[PDB]
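See structure below.
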2 protein chains.
Amino acid sequence: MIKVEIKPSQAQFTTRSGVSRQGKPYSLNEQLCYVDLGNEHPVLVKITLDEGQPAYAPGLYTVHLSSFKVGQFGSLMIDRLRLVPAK
Amino acid sequence: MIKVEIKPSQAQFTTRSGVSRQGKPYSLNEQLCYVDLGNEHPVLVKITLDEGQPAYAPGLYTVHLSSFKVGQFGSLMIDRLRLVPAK
């Protein structure tokens, strides 16, 4: 439950394409947000979109708890930025 | 909130120590807490503790935003999980 803002400027996503072996292409797409991390000042964080799921419209979003995950040696983590209209 | 709690049996830490592959010394203390990330039940999570830092004491907690950093391409990561008391 973090403030995320997408300003109109940020509405289109941004690419970083690619490939690995057995069936593993890295052809990455990213969109950007301003995240207020407590501070009076916003941070440009990046959102990595997963296949078939799209760039968020402009507006105000909260970070959704499924955005967090528990890793290999038991640490909690942002796996991917997950947003909701929630307010 | 990222709802967190340390029960009586969890109010303490374990030390793991050995050596880093840049041949550097570690002596890391770890503690378990229950995190409510949604799901239907409490997921168990590992707080790594800072040098000096006493293991937190039983109770209700919430995650403090100082736990989230940003680097490289606007990449958000949890740095340390710093919990503060509930309200």
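Residue numbering restarts at 1 for every chain, and letters A, B, ... go by the order of the sequence lines. Atom set for the values below is all heavy atoms of this structure, side chains included, hydrogens, waters and symmetry mates excluded.
For the atom pair CG of A:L32 and OG of A:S9, the computed distance is 9.0 Å after rounding to the nearest 0.5 Å. Atom OG1 of A:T48 sits about 6.0 Å away from atom CG of A:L28, to the nearest 0.5 Å. Here the OG atom belonging to A:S27 is positioned 9.0 Å from the CD atom belonging to A:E51, to the nearest 0.5 angstrom. Distance check, rounded to the nearest 0.5 Å: CD of B:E5 to CG of B:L60 gives 5.5 Å. To the nearest 0.5 Å, atoms OH (A:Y56) and CD (A:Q53) are separated by 5.0 Å. The CD atom of A:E30 sits 8.0 Å away from atom OG1 of A:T15, with the distance rounded to the nearest 0.5 Å.
Using a 4.5 Å heavy-atom threshold, the side chains of A:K69 and B:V43 count as separate. No side-chain heavy atom of B:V35 sits under 4.5 Å from any side-chain heavy atom of A:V70. Inter-residue side-chain proximity for A:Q31 and A:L49 is flagged as met; some heavy-atom pair is nearer than 4.5 Å. Here the side chains of B:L76 and A:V63 are not in contact, with every heavy-atom distance at 4.5 Å or above.
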Checklist entry - Given the rule in the side-chain contact (heavy atoms from CB on, under 4.5 Å) test, do B:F68 and A:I2 qualify, once you have shown the distances and angles that lead to the verdict? => result CA-CA 11 Å; B:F68 304 94; A:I2 315 179; 4.2 Å; yes
Checklist entry - Going through the distances and angles, do B:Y61 and B:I6 end up as a side-chain contact (heavy atoms from CB on, under 4.5 Å)? => result CA-CA 8 Å; B:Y61 288 78; B:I6 280 107; 4.0 Å; yes
Next on the checklist: Apply side-chain contact (heavy atoms from CB on, under 4.5 Å) to residues B:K7 and B:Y34 and explain how you reach the verdict.
Outcome noted: CA-CA 8 Å; B:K7 296 174 168 290; B:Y34 287 117; 3.6 Å; yes
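Between B:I78 and B:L81, the shortest heavy-atom contact is CG2-N, 4.1 Å. Smallest separation of non-hydrogen atoms from A:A11 and A:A55: O-CB, 3.4 Å. Between A:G23 and A:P25, the closest heavy-atom pair is C-CD, 3.8 Å. A:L65 approaches B:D36 most closely through the heavy-atom pair CD1-O, 3.9 Å. Of all the heavy atoms in A:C33 and A:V4, the pair that sits closest is CB-CG1, 3.5 Å.
Residue pairs satisfying the side-chain hydrogen bond (donor to acceptor under 3.5 Å, both in side chains) criterion with at least one member in residues 77-87 of chain B, sequence neighbours excluded, are listed as follows: B:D79-B:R82.
Judged purely by distance below 3.5 Å, without hydrogens or angles, the side chains of A:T14 and A:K46 pair a donor atom with an acceptor atom.
At most 12 heavy atoms of other shown residues, nucleotides or ligands fall within 6.0 angstrom of atom CD in B:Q72. The number of heavy atoms from other shown groups lying within 6.0 Å of OH (B:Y26) is above 12.
A continuous path of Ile, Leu, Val, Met, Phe, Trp and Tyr side chains, each step under 4.5 Å between heavy atoms, connects B:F13 with B:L83, placing both in one hydrophobic cluster.
In terms of the side-chain hydrogen bond (donor to acceptor under 3.5 Å, both in side chains) criterion, A:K3 has no residue partners (sequence neighbours excluded).
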